[PDB]
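Single chain ahead, written as structure tokens, the form deposited in one PDB entry.
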């Protein structure tokens, strides 16, 4: 009917009606909950390849209706002409093209609708770069460099998305093969161990297998692997002066900087799909700024990532014989103190998990007040350390799928037919 959420620390109760506008299956049923499944559902709004008219047009009407409602038209002359324009365009090309305003609206609302994102208080402050005129990998690389430069802004980071041509028949996709624009290589060592970042071992190897000569260090910025109009991907080296990096040091442990650690300042996800009114932008790299835990809890401490916990623990002279000394927990805190201290000292935008979660609670209040709800995925909103001492831990959330949205998509190398 109409669902309430309660915060068990403040007793604030919020009432959700926005979920009634949700279209896609979450994967749950009355009998099974899938809220901890990474990809619970395959319910897409359109089928395989180029859809028929009765498949694409109703999705397009819905988005156009939604956009003209958002600006307090709907039924206006411009709205009705737009519907005719979309209809003729689908009739004559089997697709349609978004206006600049519709594109900007759709990208912001994809971010506004991203139930897993704790950063959404910023959703309407997003710089949209229209790259729909792009035709080649070289052009994609040019757009990405300008994105990286604008978004980095000498450390005063600015949220941005660059949107490449939409999918047509599915054999002409634009893709950024990288998962993020900036990532460190991972090297599969002969003695079975791993040098660099273990997440990227496979992609690192694709790059090598494509002709990349690895410098074979521990912080090798990977090349860009860009695919335009379904052609074979091409390698490009981001100019180093565009890749802002922060040396990790600790405000008290002077031996910390001697660990020779750094991280990059710009998180820019580049393997997701942006879906607006039935159109699918398979290359839409988007960026904001880091929550400190994303580098220092996940990027340094996952067992299949950097795993430098022990060395920080060893350097801290901790009992590592048994878990009940909580040596992992102690080192994990110090690493996250160090990451934040370094980014703040170099005036690179960063947010701690206490501040980001507090902002999200505020965003939730705003969304329920003016929009009747806010989709939120508790499993992803709660930070990976110190969860119960942040306000989101005690906040009930409702998760549901609204459109426009960002969607997962398969890595292109499982799909690509080379030439």
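Superpose the two forms; the largest set of C-alphas matching within 1.5 Å is the rigid core. Positions refer to the first chain, counted from 1.
Another form exists, deposited in another entry; not displayed. Remarks below refer to it.
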| query | finding |
| --- | --- |
| Which one of 301, 273, 114, 340, by Cα shift of 2 Å or more between this form and the one not shown, core superposed | 301 |
| Change in CA distance between residue 212 and residue 301 in the other entry, which is 3 Å or more, as closer or farther | closer |
| Residue pair residue 411, residue 298 - Cα distance in the other entry, closer or farther (3 Å or more) | farther |
